[PDB]
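One structure is given here, and the rest of the page talks about it.
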Amino acid sequence: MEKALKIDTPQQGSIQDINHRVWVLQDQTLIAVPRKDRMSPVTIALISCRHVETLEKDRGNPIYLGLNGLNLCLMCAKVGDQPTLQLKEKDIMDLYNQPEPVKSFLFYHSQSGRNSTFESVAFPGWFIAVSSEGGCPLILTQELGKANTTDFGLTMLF
């Protein structure tokens, strides 16, 4: 069970509100559709990792998030070259329910001036990119040349 917090309840909402970038799971990949007739709204569920007792603390607080609709959540994968995101098949309420804080799916949450960032716990050095620039797919980046969006908020509701 959790220690003593006031944000244990799952907070589900969205991120499209940032720049009208709707997110759609398309052919096992999340892609932003900022201008498409075939768009589909989704939801983003965010919850703390109650089994943080065995996790790191120095680097920052690891938590988990997922899409609410087709049973899909963040998941680190590798293209046999470098790490990548795979939000397709994963459950968030399960990792919360059972003491299985799988770092490969957890992300350290941070903030830097009204902005929030999320770094891969199993593989630090990379940040999730919300893709609010042109309309790129949801991927992880380690360094960007002001071409992606790593620094942003969320529109999670409770």
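Residues are named by chain letter and number: chains run A, B, ... in the order of the structure tokens, numbers start at 1 in each chain, and ligands are numbered from 1 in the order shown.
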Within 8 Å of range 6-16 of chain A, counting only C-alpha atoms, which residues show up once you throw out same-chain ones fewer than 2 positions away? Write them as a ChimeraX atom specification, please. /A:2,4,18-23,42-48,68,130,153-158
Could you check the closest approach to residue 60 in chain A for each of A:117, A:82, A:148, A:131 and tell me which residue wins, using only C-alpha atoms?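 The shortest atom-to-atom distance to residue 60 in chain A comes from A:117.
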Residues at most 12 Å from residue 38 in chain A, counting only C-alpha atoms, excluding those fewer than 3 positions away in the same chain, as a list in words?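 So, after excluding close chain neighbours, the residues are residues 22, 23, 24, 26, 32, 33, 34, 35 and 41 of chain A.
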Residues within 10 Å of residue 76 in chain A, only C-alpha atoms, excluding chain neighbours under 6 positions, as a PyMOL selection string: chain A and resi 83-87+103-107+120-123+139-140
Which value, in Å to one decimal, gives the distance between CA of residue 25 in chain A and CA of residue 75 in chain A? 13.7 Å
Run DSSP on the backbone and give me the residues of range 40-132 of chain A it puts in helix (DSSP H, G or I), as an NGL selection string. :A and (52-54 or 92-97)
Might you pull out every residue within 12 Å of residue 58 in chain A, with only C-alpha atoms counted and same-chain residues fewer than 3 positions away left off, and present them as a list in words?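 Result of the neighbour search: residues 55, 61, 62, 108 and 121 of chain A.
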Can you write just those residues out, C-alpha atoms, as a PDB file, in the first residue's frame?
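To be explicit, this is the file written out as part.pdb:
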```pdb
ATOM      1  CA  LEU A  55      13.025   2.198  -6.658  1.00  0.00           C
ATOM      2  CA  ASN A  61      10.381  10.069  -8.431  1.00  0.00           C
ATOM      3  CA  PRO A  62       9.470   7.218 -10.914  1.00  0.00           C
ATOM      4  CA  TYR A 108      11.092   9.661 -13.563  1.00  0.00           C
ATOM      5  CA  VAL A 121      13.906   4.747 -15.490  1.00  0.00           C
TER       6      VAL A 121
END
```
Hey, what does DSSP flag as strand (DSSP E) within range 93-142 of chain A? Can you give it to me as a PyMOL selection string? chain A and resi 107-111+116-120+127-129+139-141
For residue 116 in chain A, which residue among A:74, A:30, A:1, A:128 is the nearest when counting only C-alpha atoms?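 When distances to residue 116 in chain A are compared using only C-alpha atoms, the smallest one comes from A:128.
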Could you check which of A:59, A:3, A:89, A:152 is closest to residue 71 in chain A, using only C-alpha atoms?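 Of A:59, A:3, A:89, A:152, the one nearest residue 71 in chain A is A:89, counting only C-alpha atoms.
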Find, counting only C-alpha atoms, the residue in A:81, A:149, A:39, A:57 that gets nearest to residue 115 in chain A.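 Closest candidate: A:149.
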Skipping near chain neighbours, those fewer than 6 positions away, what residues fall within 7 Å of residue 49 in chain A using only C-alpha atoms, listed as number ranges by chain? A: 62-64, 96, 101
One number please: CA of residue 91 in chain A to CA of residue 72 in chain A, in Å, one decimal.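 Going from CA of residue 91 in chain A over to CA of residue 72 in chain A, I get 6.1 Å.
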Go ahead and compute the interatomic distance for CA of residue 92 in chain A and CA of residue 50 in chain A, in Å to one decimal. 11.5 Å
